[PDB]
Amino acid sequence: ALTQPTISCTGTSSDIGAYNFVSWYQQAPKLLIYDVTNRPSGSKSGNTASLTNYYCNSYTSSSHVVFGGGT
Amino acid sequence: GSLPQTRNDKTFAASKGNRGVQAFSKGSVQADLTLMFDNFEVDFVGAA
Amino acid sequence: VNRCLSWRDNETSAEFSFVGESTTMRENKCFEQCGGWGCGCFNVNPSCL
Amino acid sequence: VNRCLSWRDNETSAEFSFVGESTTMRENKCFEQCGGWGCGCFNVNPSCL
Amino acid sequence: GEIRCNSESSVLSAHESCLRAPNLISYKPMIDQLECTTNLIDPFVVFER
Amino acid sequence: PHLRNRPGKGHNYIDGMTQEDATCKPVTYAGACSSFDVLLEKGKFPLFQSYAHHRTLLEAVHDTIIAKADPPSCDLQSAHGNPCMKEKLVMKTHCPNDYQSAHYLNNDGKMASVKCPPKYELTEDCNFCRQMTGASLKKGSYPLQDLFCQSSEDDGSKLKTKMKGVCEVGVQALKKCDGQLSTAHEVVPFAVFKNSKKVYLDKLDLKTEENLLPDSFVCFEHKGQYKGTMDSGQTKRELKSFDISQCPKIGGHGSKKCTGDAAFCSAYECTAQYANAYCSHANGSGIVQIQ
Amino acid sequence: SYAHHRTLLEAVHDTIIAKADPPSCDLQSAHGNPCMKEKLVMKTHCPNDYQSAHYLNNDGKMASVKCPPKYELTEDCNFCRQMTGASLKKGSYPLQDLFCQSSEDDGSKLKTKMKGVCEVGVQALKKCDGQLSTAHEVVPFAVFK
Amino acid sequence: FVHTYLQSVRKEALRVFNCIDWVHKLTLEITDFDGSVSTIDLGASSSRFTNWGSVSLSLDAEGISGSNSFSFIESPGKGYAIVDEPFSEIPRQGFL
Amino acid sequence: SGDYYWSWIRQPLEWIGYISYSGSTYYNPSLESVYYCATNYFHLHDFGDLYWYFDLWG
Amino acid sequence: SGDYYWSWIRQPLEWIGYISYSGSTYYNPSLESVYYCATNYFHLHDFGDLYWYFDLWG
Ligand SMILES: *[C@@H]1O[C@H](CO)[C@@H](O)[C@H](O)[C@H]1NC(C)=O
Ligand SMILES: *[C@@H]1O[C@H](CO)[C@@H](O)[C@H](O)[C@H]1NC(C)=O
């Protein structure tokens with residue numbers, strides 16, 4: 001899973017570090033940010049994404065979906 | 001029987017570079033070598 | 001090509017099957033030709049006649 | 001060594017398997033060389049090329 | 001005609017069906033690198049002669 | 001089954017496909033690894049089978065010998081609309097069934113792999129993914145190319161493809177030509193050097209020289225062996241891998257008593273007490289040099 | 001061929017051949033001692049279910065290797081391995097191919113004289129420097145009084 | 001019962017061969033344009049693919065000079081020699 | 001119709017698995033053998049099946 | 001853990017047998033087919049398994 005406490009979503013090299021497919025949800029949660037930056041503000045750096053109840057999800061190298069711990 | 005030996009006027013000997021043997025015998029040949037597509041030219045030779 | 005050079009003179013090709021079985025004196029040959037787009041075939045190996 | 005001298009000219013070695021099947025005229029030879037640490041091999045029996 | 005074939009394509013492709021004499025290829029297995037070379041009568045030279 | 005005593009770590013697994021770590025983490029005589037057992041089938045992968053004691057592509061990747069390409073494996077599930085399958089589509093391969101992934105050495109000299117979406121399998125040409133109901137996919141990835149790797153420090157930054165009469169081989173544009181262009185599929189040998197790209201060759205003139213480095217020794221141990229690892233009663237006679245880093249070097253210190261054959265005794269220090277492992281010299285290992 | 005001459009064990013029991021110091025240092029109690037030195041230079045082949053194996057050491061006496069209880073000697077007779085529910089044989093495997101006899105001829109001046117040999121087995125014939133072709137070979141041997 | 005095996009005394013070998021025929025062979029030094037670093041060797045009715053094309057030799061007079069009935073010995077790294085016996089493909093006691 | 005991935009999520013979130021349009025099922029490794037169902041229904045990407053961009057929650 | 005030999009002794013001493021760390025069992029030849037249990041637990045020798053140096057009696 002991801003590590004959560006601008007909310008920071010920190011992961012391993014498998015998620016976020018490799019793929020730029022990370023999304024955020026506000027809580028039936030509501031999606032706010034997809035594809036790191038796109039909105040229907042966030043960013044990435046190293047293995048940690050940042051967003052300026054909020055949950056983060058990402059795509060792993062094993063074709064799985066990993067959800068954040070939550071803030 | 002090291003190579004520099006003459007037998008019935010043949011005098012076999014080592015070829016240059018010791019890659020084989022020769023046979024020195026009386027005779028002659030006619031050689032007419034031919035060139036083809038000979039092209040080797042540069043530009044710096046224009047100066048005198 | 002292996003079939004092309006080793007063609008027996010008494011063996012008929014499949015193209016001339018309308019001849020079928022005939023009692024006339026006959027022989028069959030195979031000749032290699034050019035292979036390439038200039039010849040008419042995409043492949044560059046030699047064609048057959 | 002027994003395989004080394006008795007190498008048939010029409011038999012291909014396993015090292016040159018990328019050649020695989022080819023229609024080109026070809027032959028295969030095997031030559032004995034030195035065997036020993038100076039040659040490059042720990043064994044003292046002759047190597048093969 | 002030390003190396004002879006049955007068609008122009010076989011000559012131009014060095015097909016394995018071509019016949020040749022024994023021991024045409026000279027091998028120099030010197031310790032650094034092998035030298036594969038041979039001396040062949042150029043048929044074009046004899047044709048022009 | 002001495003070929004299953006892999007040099008180095010022997011990690012024959014790929015990132016993401018980590019469901020076979022029981023037998024693909026260091027490959028031993030015991031288990032079965034899908035991404036390694038295909039190499040030992042008779043008639044397939046003959047070049048590696050000749051140089052059977054050298055590292056594979058996955059082993060070389062896990063020893064940091066060969067790097068991993070950018071998008072190491074762009075999944076067809078998430079990146080099927082990206083110009084990924086370009087170097088793969090110029091190769092003519094043949095995958096068996098029930099394989100969800102396949103790795104190869106790309107043009108830059110790194111390792112890249114193609115991964116089908118979950119529950120899909122690669123077709124017979126490894127170009128498309130197809131789904132079969134009630135099929136058990138293998139947990140490894142099929143090695144596409146026949147190659148063997150090693151550790152080298154020789155520099156090759158000035159090395160480049162030099163093929164005569166070839167306008168373009170694979171994905172490399174050697175030159176620009178106009179007119180007739182005979183296009184075909186051919187078996188081209190290739191090599192990869194340090195700090196270089198793939199170098200296709202017209203001829204393969206390669207030689208091997210032996211040495212006494214640790215990668216040239218196969219060290220094993222018995223299961224149930226007295227005073228050794230796994231010292232318990234066994235119902236079958238099976239071997240176990242051993243790490244040569246423990247056997248002391250000649251005139252040096254070590255942690256395990258170690259015995260071996262003539263080459264090992266010349267290189268390492270063979271004990272006079274009861275030994276813990278037997279270290280033979282590798283069947284064919286060494287250093288391979290290409291002309 | 002010489003089937004009506006004594007074996008090594010028979011020669012030992014007829015006082016023809018003596019028994020070595022530590023006659024057989026058990027691997028159970030002496031695995032950390034420099035025992036297996038002459039055995040490790042021989043290439044043998046033991047069958048299964050054998051707990052002991054005897055050989056004629058360099059001094060001309062009989063020594064043997066005995067595995068700990070319930071263990072058996074491996075295929076190279078170099079290690080002991082344990083199998084559950086296995087019935088070990090009650091004897092010891094003869095490692096070498098030899099026959100013995102009773103002799104009074106003296107051989108105190110007899111020594112190994114091999115040409116071009118720096119070292120055979122555990123005997124250091126001489127001191128040599130440079131190339132050293134090391135191999136496993138079948139060497140005939142004799143033991144005199 | 002006697003079992004005999006042969007062993008080599010000296011660590012050297014000699015190669016014995018025969019010359020079926022002799023061939024004329026010309027060595028040429030190709031003083032090329034702007035540089036004379038070119039030396040080639042070629043026989044009768046043969047061509048060599050040098051730079052700027054190829055060079056062929058006719059040598060129409062005589063492509064051969066008969067045969068012989070001696071044998072030749074080569075010691076690698078030491079030279080050659082001639083022995084006055086016919087080259088026999090079947091071993092014979094008391095001969096070479 | 002539209003190449004959708006119907007997935008199941010739960011909150012005691014945590015992804016459980018998905019069933020695809022083609023009938024392919026993928027499960028969480030831990031659970032291989034409140035509940036919502038959200039699928040990527042509007043932010044479809046032509047280059048990939050980004051099914052974790054969950055919207056239209058159940 | 002530590003390569004111990006758990007042995008059984010009796011006094012009507014007399015050694016009965018031992019069970020090893022590896023599961024190997026060795027019995028007295030007479031009994032092959034007060035009770036104490038003492039094992040070499042402190043005076044371990046690196047060169048051999050001197051299991052008859054009994055201490056830590058049961
Ligand atoms: C004639 O043809 C038949 C069938 O095509 C074949 O079996 C036979 O060998 C041929 N005769 C020859 C080649 O003389
Ligand atoms: C040619 O090779 C095949 C298979 O390698 C062999 O069976 C055959 O005898 C060979 N032909 C010869 C040696 O004339």
# chains A, B, ... in the order shown; residues from 1 in each chain; ligands from 1
call {"tool": "residues_near_ligand", "arguments": {"ligand": "ligand 2", "cutoff": "6 Å", "atoms": "only C-alpha atoms and all ligand atoms", "output": "list in words"}}
result
residues 8, 10 and 11 of chain D
call {"tool": "write_last_selection", "arguments": {"atoms": "N, CA and C atoms", "output": "compact mmCIF listing (two decimals), in the first residue's frame"}}
result
# COMPACT_ATOMS: atom_id res chain seq x y z
N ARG D 8 33.03 -35.16 -39.87
CA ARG D 8 32.58 -35.19 -41.26
C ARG D 8 32.47 -33.78 -41.81
N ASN D 10 30.42 -32.64 -43.96
CA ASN D 10 29.05 -32.23 -44.22
C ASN D 10 28.23 -32.06 -42.95
N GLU D 11 28.85 -32.19 -41.78
CA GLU D 11 28.16 -32.09 -40.50
C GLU D 11 28.51 -30.75 -39.85
call {"tool": "interface_residues", "arguments": {"of": "chain I", "to": "chain F", "cutoff": "7 Å", "atoms": "only C-alpha atoms", "output": "MDAnalysis selection string"}}
result
chainID I and resid 24 26 46:50
call {"tool": "write_last_selection", "arguments": {"atoms": "N, CA, C and O atoms", "output": "mmCIF file, in the first residue's frame"}}
result
data_model
loop_
_atom_site.group_PDB
_atom_site.id
_atom_site.type_symbol
_atom_site.label_atom_id
_atom_site.label_comp_id
_atom_site.auth_asym_id
_atom_site.auth_seq_id
_atom_site.Cartn_x
_atom_site.Cartn_y
_atom_site.Cartn_z
ATOM 1 N N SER I 24 -12.555 -11.318 -18.600
ATOM 2 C CA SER I 24 -11.335 -11.547 -17.842
ATOM 3 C C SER I 24 -11.481 -10.977 -16.440
ATOM 4 O O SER I 24 -11.936 -9.845 -16.258
ATOM 5 N N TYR I 26 -9.583 -10.193 -12.724
ATOM 6 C CA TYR I 26 -8.316 -9.984 -12.037
ATOM 7 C C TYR I 26 -8.608 -9.634 -10.588
ATOM 8 O O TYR I 26 -9.448 -8.773 -10.317
ATOM 9 N N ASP I 46 -7.537 6.654 -25.354
ATOM 10 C CA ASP I 46 -7.472 5.836 -26.558
ATOM 11 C C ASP I 46 -6.222 4.967 -26.594
ATOM 12 O O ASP I 46 -6.170 3.996 -27.357
ATOM 13 N N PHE I 47 -5.209 5.293 -25.789
ATOM 14 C CA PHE I 47 -3.954 4.554 -25.846
ATOM 15 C C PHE I 47 -3.877 3.425 -24.828
ATOM 16 O O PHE I 47 -3.039 2.531 -24.985
ATOM 17 N N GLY I 48 -4.714 3.439 -23.795
ATOM 18 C CA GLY I 48 -4.649 2.393 -22.791
ATOM 19 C C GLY I 48 -5.951 2.273 -22.035
ATOM 20 O O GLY I 48 -6.829 3.133 -22.117
ATOM 21 N N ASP I 49 -6.063 1.173 -21.290
ATOM 22 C CA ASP I 49 -7.243 0.898 -20.472
ATOM 23 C C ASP I 49 -6.941 1.297 -19.032
ATOM 24 O O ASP I 49 -6.704 0.465 -18.158
ATOM 25 N N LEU I 50 -6.959 2.606 -18.787
ATOM 26 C CA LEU I 50 -6.726 3.146 -17.449
ATOM 27 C C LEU I 50 -8.002 2.958 -16.636
ATOM 28 O O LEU I 50 -8.822 3.865 -16.473
#
call {"tool": "residues_near_ligand", "arguments": {"ligand": "ligand 1", "cutoff": "12 Å", "atoms": "only C-alpha atoms and all ligand atoms", "output": "ChimeraX atom specification"}}
result
/C:6-14,21,26-28
call {"tool": "write_last_selection", "arguments": {"atoms": "N, CA and C atoms", "output": "PDB file, in the first residue's frame"}}
result
ATOM      1  N   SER C   6      16.013 -30.997 -59.818  1.00  0.00           N
ATOM      2  CA  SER C   6      15.833 -32.443 -59.787  1.00  0.00           C
ATOM      3  C   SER C   6      14.562 -32.901 -60.489  1.00  0.00           C
ATOM      4  N   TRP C   7      14.036 -32.110 -61.420  1.00  0.00           N
ATOM      5  CA  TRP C   7      12.796 -32.459 -62.100  1.00  0.00           C
ATOM      6  C   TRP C   7      13.019 -33.648 -63.026  1.00  0.00           C
ATOM      7  N   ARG C   8      12.293 -34.735 -62.781  1.00  0.00           N
ATOM      8  CA  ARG C   8      12.358 -35.889 -63.664  1.00  0.00           C
ATOM      9  C   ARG C   8      11.633 -35.596 -64.970  1.00  0.00           C
ATOM     10  N   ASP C   9      12.199 -36.080 -66.076  1.00  0.00           N
ATOM     11  CA  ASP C   9      11.627 -35.802 -67.387  1.00  0.00           C
ATOM     12  C   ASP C   9      10.293 -36.499 -67.604  1.00  0.00           C
ATOM     13  N   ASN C  10      10.019 -37.579 -66.878  1.00  0.00           N
ATOM     14  CA  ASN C  10       8.793 -38.342 -67.060  1.00  0.00           C
ATOM     15  C   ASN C  10       7.695 -37.952 -66.080  1.00  0.00           C
ATOM     16  N   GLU C  11       7.918 -36.930 -65.260  1.00  0.00           N
ATOM     17  CA  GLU C  11       6.953 -36.491 -64.260  1.00  0.00           C
ATOM     18  C   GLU C  11       6.291 -35.204 -64.735  1.00  0.00           C
ATOM     19  N   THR C  12       4.964 -35.181 -64.718  1.00  0.00           N
ATOM     20  CA  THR C  12       4.200 -34.048 -65.216  1.00  0.00           C
ATOM     21  C   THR C  12       3.908 -33.061 -64.092  1.00  0.00           C
ATOM     22  N   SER C  13       3.955 -31.777 -64.431  1.00  0.00           N
ATOM     23  CA  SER C  13       3.635 -30.732 -63.475  1.00  0.00           C
ATOM     24  C   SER C  13       2.126 -30.639 -63.267  1.00  0.00           C
ATOM     25  N   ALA C  14       1.740 -29.996 -62.165  1.00  0.00           N
ATOM     26  CA  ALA C  14       0.326 -29.866 -61.840  1.00  0.00           C
ATOM     27  C   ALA C  14      -0.381 -28.839 -62.712  1.00  0.00           C
ATOM     28  N   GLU C  21      -3.720 -38.035 -68.626  1.00  0.00           N
ATOM     29  CA  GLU C  21      -3.071 -39.246 -69.106  1.00  0.00           C
ATOM     30  C   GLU C  21      -3.129 -39.263 -70.626  1.00  0.00           C
ATOM     31  N   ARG C  26       6.292 -37.734 -74.810  1.00  0.00           N
ATOM     32  CA  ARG C  26       6.315 -36.437 -74.156  1.00  0.00           C
ATOM     33  C   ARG C  26       7.425 -36.408 -73.121  1.00  0.00           C
ATOM     34  N   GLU C  27       7.829 -35.190 -72.772  1.00  0.00           N
ATOM     35  CA  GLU C  27       8.832 -34.973 -71.742  1.00  0.00           C
ATOM     36  C   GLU C  27       8.540 -33.652 -71.048  1.00  0.00           C
ATOM     37  N   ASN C  28       9.068 -33.515 -69.835  1.00  0.00           N
ATOM     38  CA  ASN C  28       8.830 -32.340 -69.010  1.00  0.00           C
ATOM     39  C   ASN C  28      10.155 -31.812 -68.487  1.00  0.00           C
TER      40      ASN C  28
END
call {"tool": "calpha_fit_and_write", "arguments": {"fixed": "chain C", "moving": "chain D", "output": "short mmCIF file (atom, residue, chain, number, x, y, z; two decimals) with N, CA, C and O atoms, in the first residue's frame"}}
result
data_model
loop_
_atom_site.label_atom_id
_atom_site.label_comp_id
_atom_site.auth_asym_id
_atom_site.auth_seq_id
_atom_site.Cartn_x
_atom_site.Cartn_y
_atom_site.Cartn_z
N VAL D 1 13.74 -24.56 -55.45
CA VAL D 1 14.90 -24.76 -56.31
C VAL D 1 15.32 -26.23 -56.31
O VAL D 1 15.69 -26.79 -57.36
N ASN D 2 15.26 -26.88 -55.15
CA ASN D 2 15.64 -28.28 -55.05
C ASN D 2 14.77 -29.15 -55.95
O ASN D 2 15.26 -30.06 -56.63
N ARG D 3 13.46 -28.89 -55.96
CA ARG D 3 12.59 -29.55 -56.92
C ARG D 3 12.87 -29.07 -58.34
O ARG D 3 12.63 -29.81 -59.30
N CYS D 4 13.37 -27.85 -58.49
CA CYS D 4 13.53 -27.27 -59.82
C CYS D 4 14.63 -27.97 -60.62
O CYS D 4 14.42 -28.35 -61.77
N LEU D 5 15.81 -28.17 -60.02
CA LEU D 5 16.85 -28.87 -60.78
C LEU D 5 16.59 -30.37 -60.88
O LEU D 5 16.90 -30.98 -61.91
N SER D 6 16.01 -30.97 -59.85
CA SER D 6 15.84 -32.42 -59.82
C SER D 6 14.57 -32.88 -60.51
O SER D 6 14.07 -33.97 -60.20
N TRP D 7 14.03 -32.10 -61.44
CA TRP D 7 12.79 -32.46 -62.11
C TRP D 7 13.01 -33.64 -63.04
O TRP D 7 13.84 -33.57 -63.95
N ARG D 8 12.28 -34.72 -62.81
CA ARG D 8 12.35 -35.88 -63.70
C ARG D 8 11.62 -35.58 -65.01
O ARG D 8 10.57 -34.94 -65.02
N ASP D 9 12.19 -36.06 -66.11
CA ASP D 9 11.61 -35.79 -67.42
C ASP D 9 10.29 -36.51 -67.64
O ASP D 9 9.51 -36.09 -68.49
N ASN D 10 10.02 -37.58 -66.89
CA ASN D 10 8.80 -38.35 -67.06
C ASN D 10 7.70 -37.96 -66.08
O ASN D 10 6.65 -38.60 -66.07
N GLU D 11 7.92 -36.93 -65.27
CA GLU D 11 6.95 -36.49 -64.27
C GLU D 11 6.29 -35.21 -64.75
O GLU D 11 6.97 -34.25 -65.14
N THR D 12 4.96 -35.18 -64.73
CA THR D 12 4.19 -34.05 -65.22
C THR D 12 3.90 -33.06 -64.10
O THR D 12 3.65 -33.45 -62.96
N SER D 13 3.95 -31.78 -64.45
CA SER D 13 3.63 -30.73 -63.49
C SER D 13 2.12 -30.64 -63.28
O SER D 13 1.32 -31.13 -64.08
N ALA D 14 1.74 -29.99 -62.18
CA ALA D 14 0.33 -29.86 -61.85
C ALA D 14 -0.38 -28.83 -62.72
O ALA D 14 -1.61 -28.88 -62.83
N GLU D 15 0.36 -27.91 -63.33
CA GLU D 15 -0.28 -26.91 -64.19
C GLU D 15 -0.88 -27.55 -65.43
O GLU D 15 -1.98 -27.18 -65.86
N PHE D 16 -0.17 -28.50 -66.03
CA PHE D 16 -0.65 -29.17 -67.24
C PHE D 16 -1.40 -30.45 -66.90
O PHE D 16 -1.10 -31.53 -67.41
N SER D 17 -2.40 -30.33 -66.03
CA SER D 17 -3.23 -31.48 -65.67
C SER D 17 -4.37 -31.72 -66.65
O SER D 17 -4.96 -32.80 -66.63
N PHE D 18 -4.70 -30.73 -67.49
CA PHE D 18 -5.70 -30.97 -68.52
C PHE D 18 -5.21 -31.97 -69.55
O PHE D 18 -6.02 -32.66 -70.18
N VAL D 19 -3.89 -32.07 -69.73
CA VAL D 19 -3.33 -33.16 -70.51
C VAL D 19 -3.67 -34.49 -69.86
O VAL D 19 -4.09 -35.45 -70.53
N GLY D 20 -3.51 -34.57 -68.54
CA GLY D 20 -3.88 -35.78 -67.82
C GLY D 20 -3.05 -36.96 -68.27
O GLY D 20 -1.82 -36.91 -68.32
N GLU D 21 -3.73 -38.04 -68.61
CA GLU D 21 -3.09 -39.25 -69.10
C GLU D 21 -3.14 -39.26 -70.62
O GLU D 21 -4.22 -39.14 -71.21
N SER D 22 -1.98 -39.37 -71.26
CA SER D 22 -1.88 -39.41 -72.70
C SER D 22 -0.85 -40.45 -73.11
O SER D 22 0.10 -40.72 -72.38
N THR D 23 -1.06 -41.02 -74.29
CA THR D 23 -0.16 -42.04 -74.83
C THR D 23 0.91 -41.45 -75.74
O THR D 23 1.74 -42.21 -76.26
N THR D 24 0.92 -40.14 -75.95
CA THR D 24 1.88 -39.52 -76.85
C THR D 24 3.26 -39.46 -76.20
O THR D 24 3.39 -39.39 -74.98
N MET D 25 4.29 -39.50 -77.04
CA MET D 25 5.65 -39.27 -76.57
C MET D 25 5.77 -37.86 -76.02
O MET D 25 5.39 -36.89 -76.68
N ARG D 26 6.30 -37.74 -74.81
CA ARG D 26 6.32 -36.44 -74.15
C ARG D 26 7.43 -36.41 -73.12
O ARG D 26 7.90 -37.45 -72.65
N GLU D 27 7.83 -35.20 -72.77
CA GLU D 27 8.83 -34.98 -71.74
C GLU D 27 8.54 -33.65 -71.05
O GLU D 27 7.84 -32.79 -71.59
N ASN D 28 9.07 -33.51 -69.84
CA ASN D 28 8.83 -32.33 -69.02
C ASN D 28 10.15 -31.80 -68.49
O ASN D 28 10.98 -32.57 -67.99
N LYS D 29 10.35 -30.49 -68.61
CA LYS D 29 11.56 -29.83 -68.15
C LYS D 29 11.20 -28.66 -67.26
O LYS D 29 10.09 -28.12 -67.32
N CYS D 30 12.15 -28.27 -66.41
CA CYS D 30 11.99 -27.12 -65.52
C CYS D 30 13.23 -26.25 -65.62
O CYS D 30 14.35 -26.75 -65.45
N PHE D 31 13.04 -24.96 -65.88
CA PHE D 31 14.14 -24.03 -66.06
C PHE D 31 14.05 -22.89 -65.05
O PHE D 31 12.98 -22.30 -64.86
N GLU D 32 15.17 -22.58 -64.41
CA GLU D 32 15.24 -21.44 -63.52
C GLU D 32 15.34 -20.14 -64.31
O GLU D 32 15.97 -20.08 -65.36
N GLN D 33 14.69 -19.10 -63.78
CA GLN D 33 14.76 -17.78 -64.39
C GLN D 33 15.13 -16.73 -63.35
O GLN D 33 15.50 -17.07 -62.22
N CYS D 34 15.03 -15.46 -63.72
CA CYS D 34 15.33 -14.38 -62.79
C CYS D 34 14.33 -14.35 -61.63
O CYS D 34 13.22 -14.88 -61.73
N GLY D 35 14.77 -13.77 -60.52
CA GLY D 35 13.90 -13.56 -59.38
C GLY D 35 14.06 -12.16 -58.81
O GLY D 35 15.14 -11.81 -58.32
N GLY D 36 13.01 -11.37 -58.87
CA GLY D 36 13.09 -9.98 -58.44
C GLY D 36 12.02 -9.16 -59.11
O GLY D 36 11.39 -9.57 -60.08
N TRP D 37 11.82 -7.95 -58.57
CA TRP D 37 10.72 -7.11 -59.01
C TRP D 37 10.83 -6.76 -60.49
O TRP D 37 9.81 -6.57 -61.16
N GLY D 38 12.05 -6.66 -61.01
CA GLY D 38 12.22 -6.49 -62.44
C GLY D 38 11.76 -7.70 -63.22
O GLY D 38 11.16 -7.58 -64.29
N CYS D 39 12.06 -8.90 -62.71
CA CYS D 39 11.59 -10.12 -63.35
C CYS D 39 10.07 -10.23 -63.31
O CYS D 39 9.45 -10.63 -64.30
N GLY D 40 9.46 -9.86 -62.19
CA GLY D 40 8.02 -9.89 -62.07
C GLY D 40 7.53 -10.47 -60.76
O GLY D 40 6.32 -10.50 -60.50
N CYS D 41 8.45 -10.92 -59.92
CA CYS D 41 8.13 -11.58 -58.66
C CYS D 41 8.80 -10.85 -57.51
O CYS D 41 9.96 -10.45 -57.61
N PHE D 42 8.07 -10.68 -56.41
CA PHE D 42 8.63 -9.96 -55.26
C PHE D 42 9.84 -10.69 -54.69
O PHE D 42 10.82 -10.05 -54.30
N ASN D 43 9.78 -12.02 -54.63
CA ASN D 43 10.91 -12.78 -54.12
C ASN D 43 12.11 -12.63 -55.03
O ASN D 43 11.99 -12.45 -56.25
N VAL D 44 13.31 -12.69 -54.43
CA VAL D 44 14.54 -12.56 -55.20
C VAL D 44 15.15 -13.91 -55.57
O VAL D 44 16.06 -13.96 -56.41
N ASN D 45 14.69 -14.99 -54.96
CA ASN D 45 15.12 -16.32 -55.38
C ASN D 45 14.62 -16.59 -56.80
O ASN D 45 13.63 -16.00 -57.24
N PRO D 46 15.30 -17.47 -57.54
CA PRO D 46 14.92 -17.66 -58.95
C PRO D 46 13.54 -18.30 -59.08
O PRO D 46 13.17 -19.18 -58.31
N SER D 47 12.79 -17.83 -60.08
CA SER D 47 11.47 -18.38 -60.37
C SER D 47 11.64 -19.68 -61.15
O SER D 47 12.75 -20.18 -61.33
N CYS D 48 10.53 -20.24 -61.62
CA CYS D 48 10.58 -21.48 -62.38
C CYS D 48 9.70 -21.38 -63.62
O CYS D 48 8.69 -20.67 -63.63
N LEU D 49 10.11 -22.10 -64.66
CA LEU D 49 9.33 -22.23 -65.89
C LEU D 49 9.22 -23.72 -66.19
O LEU D 49 10.23 -24.38 -66.43
#
call {"tool": "select_by_dssp", "arguments": {"residues": "stretch 10-76 of chain H", "states": "strand (DSSP E or B)", "output": "NGL selection string"}}
result
:H and (15-17 or 25-29 or 32 or 35 or 39-43 or 46-48 or 54-57 or 71-75)
call {"tool": "interface_residues", "arguments": {"of": "chain G", "to": "chain J", "cutoff": "8 Å", "atoms": "only C-alpha atoms", "output": "list in words"}}
result
residues 27, 28, 29, 30, 31, 32, 33, 69 and 70 of chain G
call {"tool": "write_last_selection", "arguments": {"atoms": "N, CA, C and O atoms", "output": "PDB file, in the first residue's frame"}}
result
ATOM      1  N   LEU G  27      34.240 -39.693  11.965  1.00  0.00           N
ATOM      2  CA  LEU G  27      33.805 -38.357  11.590  1.00  0.00           C
ATOM      3  C   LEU G  27      32.856 -37.763  12.617  1.00  0.00           C
ATOM      4  O   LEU G  27      32.705 -36.540  12.670  1.00  0.00           O
ATOM      5  N   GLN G  28      32.215 -38.598  13.430  1.00  0.00           N
ATOM      6  CA  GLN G  28      31.351 -38.080  14.481  1.00  0.00           C
ATOM      7  C   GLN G  28      32.155 -37.359  15.554  1.00  0.00           C
ATOM      8  O   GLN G  28      31.720 -36.326  16.074  1.00  0.00           O
ATOM      9  N   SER G  29      33.332 -37.879  15.893  1.00  0.00           N
ATOM     10  CA  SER G  29      34.124 -37.331  16.983  1.00  0.00           C
ATOM     11  C   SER G  29      35.391 -36.618  16.533  1.00  0.00           C
ATOM     12  O   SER G  29      36.001 -35.917  17.346  1.00  0.00           O
ATOM     13  N   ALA G  30      35.812 -36.779  15.283  1.00  0.00           N
ATOM     14  CA  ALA G  30      37.061 -36.185  14.818  1.00  0.00           C
ATOM     15  C   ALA G  30      36.892 -35.598  13.421  1.00  0.00           C
ATOM     16  O   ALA G  30      37.732 -35.784  12.541  1.00  0.00           O
ATOM     17  N   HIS G  31      35.796 -34.877  13.195  1.00  0.00           N
ATOM     18  CA  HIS G  31      35.621 -34.229  11.903  1.00  0.00           C
ATOM     19  C   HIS G  31      36.386 -32.920  11.790  1.00  0.00           C
ATOM     20  O   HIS G  31      36.502 -32.384  10.685  1.00  0.00           O
ATOM     21  N   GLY G  32      36.906 -32.395  12.895  1.00  0.00           N
ATOM     22  CA  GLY G  32      37.671 -31.167  12.854  1.00  0.00           C
ATOM     23  C   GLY G  32      39.163 -31.398  12.939  1.00  0.00           C
ATOM     24  O   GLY G  32      39.928 -30.470  13.213  1.00  0.00           O
ATOM     25  N   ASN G  33      39.587 -32.634  12.708  1.00  0.00           N
ATOM     26  CA  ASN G  33      40.990 -33.005  12.749  1.00  0.00           C
ATOM     27  C   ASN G  33      41.510 -33.280  11.343  1.00  0.00           C
ATOM     28  O   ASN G  33      40.749 -33.697  10.464  1.00  0.00           O
ATOM     29  N   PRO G  69      26.657 -42.577  13.206  1.00  0.00           N
ATOM     30  CA  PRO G  69      25.584 -43.575  13.156  1.00  0.00           C
ATOM     31  C   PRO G  69      24.400 -43.095  12.330  1.00  0.00           C
ATOM     32  O   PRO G  69      24.030 -41.921  12.365  1.00  0.00           O
ATOM     33  N   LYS G  70      23.822 -44.025  11.573  1.00  0.00           N
ATOM     34  CA  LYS G  70      22.674 -43.847  10.687  1.00  0.00           C
ATOM     35  C   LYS G  70      23.002 -43.045   9.434  1.00  0.00           C
ATOM     36  O   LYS G  70      22.117 -42.861   8.591  1.00  0.00           O
TER      37      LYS G  70
END
call {"tool": "residues_around", "arguments": {"residues": "residue F:206", "least_positions_apart": "4", "cutoff": "9 Å", "atoms": "only C-alpha atoms", "output": "PyMOL selection string"}}
result
chain F and resi 288-291
